[PDB]
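Protein chains in written order, with the authors' numbering: chain B, 404 to 410, 416 to 738; chain D, 358 to 411, 416 to 738; chain A, 1758 to 1948; chain C, 1758 to 1948.
Backbone N, C-alpha and C fix where the C-beta goes; we use that ideal spot for every residue, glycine too.
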Amino acid sequence: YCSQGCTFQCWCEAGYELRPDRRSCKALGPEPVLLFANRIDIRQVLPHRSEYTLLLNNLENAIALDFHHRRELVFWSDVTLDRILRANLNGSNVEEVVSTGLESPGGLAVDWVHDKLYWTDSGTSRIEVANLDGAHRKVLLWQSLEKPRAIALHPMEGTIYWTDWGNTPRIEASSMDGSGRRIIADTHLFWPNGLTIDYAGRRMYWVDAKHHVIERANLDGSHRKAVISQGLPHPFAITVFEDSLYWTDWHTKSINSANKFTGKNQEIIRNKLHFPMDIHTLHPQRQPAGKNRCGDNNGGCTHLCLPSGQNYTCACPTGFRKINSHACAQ
Amino acid sequence: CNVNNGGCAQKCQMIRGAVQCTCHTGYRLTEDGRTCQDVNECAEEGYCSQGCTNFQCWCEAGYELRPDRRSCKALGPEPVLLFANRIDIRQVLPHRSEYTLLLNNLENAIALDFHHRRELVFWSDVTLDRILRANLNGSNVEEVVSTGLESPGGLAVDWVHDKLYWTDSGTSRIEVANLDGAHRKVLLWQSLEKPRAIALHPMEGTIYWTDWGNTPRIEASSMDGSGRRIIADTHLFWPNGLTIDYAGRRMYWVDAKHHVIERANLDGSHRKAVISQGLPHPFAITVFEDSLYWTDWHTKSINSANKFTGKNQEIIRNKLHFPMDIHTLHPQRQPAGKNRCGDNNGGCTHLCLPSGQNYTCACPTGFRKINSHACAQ
Amino acid sequence: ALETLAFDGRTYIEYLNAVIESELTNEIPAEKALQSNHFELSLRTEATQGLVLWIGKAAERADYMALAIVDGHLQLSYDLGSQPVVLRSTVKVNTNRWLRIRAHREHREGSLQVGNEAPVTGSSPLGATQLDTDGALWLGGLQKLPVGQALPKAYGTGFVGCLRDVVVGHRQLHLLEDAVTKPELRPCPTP
Amino acid sequence: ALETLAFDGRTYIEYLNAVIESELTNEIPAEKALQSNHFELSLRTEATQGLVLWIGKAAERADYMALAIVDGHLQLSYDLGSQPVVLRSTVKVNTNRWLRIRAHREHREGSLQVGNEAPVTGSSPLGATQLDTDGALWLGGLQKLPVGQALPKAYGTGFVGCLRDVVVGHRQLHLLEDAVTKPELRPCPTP
Ligand SMILES: [Ca+2]
Ligand SMILES: [Ca+2]
């Protein structure tokens, strides 16, 4: 109710600047663009506009997406093709990144800090990682997993987040390697389709398509309040930005917005969509800066390192064996 | 006549005008007047072990005129029937209160064959989708084919050019590889429905095979896949067994829906049905000396008969758990002909497969050929 | 329910064979790619030509499976990606006596039984195992719909005959109340 | 015929799943490793605990799928070489009123519903897609035979039970008059 920080007086942060109101915290840089998948296309929309921008076209079944704001990339999954691809955000140079091994690649997230691509496959019942080029590929979690959908990264915090909508309905987090596998919420869930981190707010939001709620919880999952509890016939994907929440809804076939704290100002940013899928806010502050755990240094032991805790741990591909925390070998 | 047939050979008719001789209509010869010899040559029947000439009953290369100066015994050891029995492989000496097991605890061992002068048995398991090898000993089993099979129906060993062919009635192909399974090339693919039995002719660089698909068919090709041709598409439904009499310059095959065991020349003409009874559900056929051997899924037995008379019909082993492919294990059952490749520059680059009267160079899956001698991935 | 149906070679019905009920399953939406087909139906006809049943998207080369009477015999043809195959019933179907049809397809291999005949079996050419389909299913043929270039000639003759007891897989079909595109509620006149 | 014949409970019967009786088909005999199942099996019970049906074959780590009454709820399980998966229904099975069941596994992915409950779907761990059957599952229960070791205390029951209307694959089992290994002759002393 003070946007980002108080102590009577309000405060902004990082690349934000208090609006002519001194509660509101506007983001610096370019205008936020809402980026999202459409089964057939990948599109761009401007939160309070009719606006309409076809970014990628001849696509079979495009579900999950994410990006690398710097490096100017865009990855996306395809559930019939069972592939994960990337492109020049330009919209050019499209290329196969995860070919064999996919069934229902639901979740897809990019770790812009450590240049890693993470995804989930609810057919495979497993979460996986890789280089941006699509190489150095390695499975990450396979234990207990049923139907993982949404996946969120905190490169700064070196943590990963997700939702499991199988018979044990879960919102879990672990560290970017697979350690510290914790339950964030396992109660009053059934269809947790969406999940997003609001760094600048130090909170996580998620979406339940059975329970008709957008929920907010501290990153440890404590202080869990539902924010919106109506107008949610069937929500699928969500994203925060500034004070607003954006989500796709399969019933209303649309991109809806609303207020993070209140759940007031419910809006249909766009109606008449083919099939709204994954959505993100496309903006710099959505990919906030963070220290590379492998920086001016051993950029990945032999192959790829995984920000765990603080001390990044070393990591070997599928088929490979460790031999040390400097060394990888088949 | 009747005074002048006192000595007019055979058939006298003092008709015509005054004495004229003839013969009973088989002795036909007429030399000079009053005399009448004999007519043979051969062609029509005359089935003595090997054959007649101008009177001859001579055993062929690898046989000895036995004490009845007709039938032959094959030179070498006494031959054995080896047959696949599903849960194992066994062999039996025909006509004996004996039969030995060989390889044990198999899954579904269906089709087999053997490299004699290499102490080798090959067999295909249809439920593991593999084609294995083991030393004739019965030992050190090595998977020779391990992917790409669905129903390995038949096995084929070119003992002369050391190549192994087989038929997958699950993929509808015929594929050939090295005796170790290397250099795997899919040989024939088109218009193949349910190809089963396969039989070879290394001497002539020639394959033979059944297909009980929708167009049932006995077909043939030159070792290399060129020179395909229909042997029979008339009067077949379940052509199960096929086997060559290499000595007899003939091919005998078995249809389990017609309940016959027909026989023909290596082009298919002159096809007589040979056995038309005691054939509820025969599966695999084999020849040796003068005898036909087959397996039958109904009776669960090894059977046998005279390859000519069809009479002499016989039960060998009764009570087999489920007899599949059968074979005579004997050196003369694998005659050493000339090696069409010879020294192994004939060996080509990868595969030297006999073609027509010469042979060709062939490439395993992946490999395009460059300049007819050489393959490249 | 409505228990039998009458086809004039100008009545073409759509149903919904195999879908993804995303609204209910919360599964990501896609084309069902099927390993398996099974269906039963009784049929009585006088025509010696006609398309009876059609599974698949109605599009160019798009996987399909269809049953058509051709030259007084029934036959099953399906195409999965690799070239199709045709399975010709050894049966004469123009006898105006009700006949039970059975078709089943596990991956590449298919079969078809018309009455108490011996199942004519076969395999579609190696390479394609999934019937890729929106899940459309059409009874009696199709209207100005014989799709792409593919088909044998009689697959454009409209049915002209009668059907009942239609099973699609493990589900017995509700003829009238399951129709998704319906001409007219017409029960079958038995001679 | 016997379109309804039921059970003793002291009756424990290995019905015949499937064969390729070559004798007719002339196909090569084989124990088919499965990936396709299904049925529509009704049920009545009072026992909040017990076992029902196990498919496949019995030996130490010999592939299986199985159904059992766990805590009153009903879970279907299976293992393919990679660890076993469990699919539990959300239905108290105690009723003594009559309940219908459906379950299906297409390769890795399973499915099971009791009544009109939304289909509980699942997945087998990756790297094992084969189930290994004789083509004769067991049903009701047995004596001194629960194999290997993967059994919670519901897979213990020689479950004296009464059911109806069993289906295997696509084809209906004529209950007892062509029952496989028939133990007793009698319908249910029904509620
Ligand atoms: Ca396909
Ligand atoms: Ca396995």
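Near ligand 1, meaning a Cβ closer than 5 Å to any of its heavy atoms, lie the following residues in chain order: A:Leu1837, A:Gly1838, A:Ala1885, A:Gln1887, A:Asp1889. Excluding residues up to 5 positions away in sequence, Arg1801 lie with their Cβ nearer than 7 Å to the Cβ of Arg1854 (chain A) in the same chain. Distance from the Cα of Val1877 (chain A) is smallest, within the candidate group A:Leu1930, A:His1864, A:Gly1913, A:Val1848, for A:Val1848. The beta carbon of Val1877 (chain C) sits closer than 8 Å to some beta carbon of chain B. For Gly602 (chain B), the CB contacts under 7 Å within the same chain, skipping 5 residues up- and downstream, are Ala558, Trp614, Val615, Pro643, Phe644, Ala645, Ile646, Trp655 in chain order. If you look at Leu1869 (chain C), you'll find it isn't in any alpha helix (DSSP H); it sits in the beta strand (DSSP E) that goes 1866-1871. Taking a C-beta distance under 8 Å as the contact criterion, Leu1899 (chain A) and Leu1781 (chain A) do not qualify as a contact pair. With 16 or more other CB atoms across the displayed protein chains lying within 10 angstroms of its CB, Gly514 (chain D) is buried. If you compare the alpha carbons of C:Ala1804, C:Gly1892, C:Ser1839, C:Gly1884 with that of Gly1829 (chain C), the shortest gap goes to C:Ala1804. With a cutoff of 8 Å on beta-carbon distance, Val1842 (chain C) and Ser1880 (chain C) are scored as near each other. In this structure, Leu467 (chain D) sits near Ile450 (chain D), with a CB-CB distance shorter than 8 Å.
Annotation for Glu504 (chain D): the continuous beta strand (DSSP E) segment containing it runs 500-506.
Going by DSSP, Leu1930 (chain A) is part of no beta strand (DSSP E) at all; its letter is neither H nor E. Distances from the alpha-carbon of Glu554 (chain B) to those of B:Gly671, B:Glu504, B:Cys433, B:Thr576 put B:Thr576 closest.
Contact annotation for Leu1781 (chain A) against chain C: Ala1875 [CB-CB distance below 8 Å, chain order]. In this structure, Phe475 (chain D) sits away from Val506 (chain D), with a CB-CB distance that is not shorter than 8 Å. If you compare the alpha carbons of C:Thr1938, C:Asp1935, C:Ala1860 with that of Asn1794 (chain C), the shortest gap goes to C:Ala1860. The DSSP-derived three-state label of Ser637 (chain B) is coil.
A direct Cα-Cα distance of roughly 21 Å separates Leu1932 (chain A) from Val1871 (chain A). When the five nearest sequence neighbours on each side are left out, the beta carbons in the same chain lying within less than 6 Å of the beta carbon of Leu1920 (chain C) are those of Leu1800, in order along the chain. DSSP places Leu1902 (chain C) outside both helix and strand once states are collapsed to three, so it counts as coil. For the region 674-686 of chain D, the residues whose beta carbon sits under 9 Å from a beta carbon of chain C are, in order, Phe683, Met685. Not one beta carbon of chain B lies nearer than 8 Å to the beta carbon of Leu1869 (chain C). Scanning chain D for C-beta atoms nearer than 7 Å to the C-beta of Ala1787 (chain C) yields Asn469, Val487, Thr488, reported in chain order. The alpha-carbon of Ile568 (chain B) is positioned some 15 Å away from that of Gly698 (chain B).
Exclusion of the five residues before and after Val1850 (chain A) leaves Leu1800, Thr1802, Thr1805, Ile1826, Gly1829, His1830, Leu1831, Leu1856, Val1871 as the residues of its chain whose Cβ lies within less than 8 Å of its Cβ. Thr721 (chain B) carries a strand assignment under DSSP once its states are collapsed to helix, strand and coil. For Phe649 (chain B), the beta-bridge partners assigned by DSSP are B:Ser652.
When C-alpha distances from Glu480 (chain B) are compared across B:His691, B:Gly423, B:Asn706, B:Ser637, the shortest belongs to B:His691.
DSSP, read as helix, strand or coil, puts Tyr607 (chain B) in helix. DSSP places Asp429 (chain D) in the coil class of the three-state scheme, outside both helix and strand. Per DSSP, reduced to three states, the secondary structure at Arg478 (chain B) is coil, with no helix or strand assignment. The residues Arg578, in chain order, have a CB closer than 6 Å to that of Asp594 (chain B) in the same chain once the five nearest residues on each side in sequence are set aside. Secondary-structure assignment with DSSP links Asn664 (chain B) through a beta bridge to B:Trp655, B:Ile676. When C-beta distances to chain C are compared with 8 Å, the residues of the region 507-519 of chain D below that value are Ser512, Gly514, in chain order.
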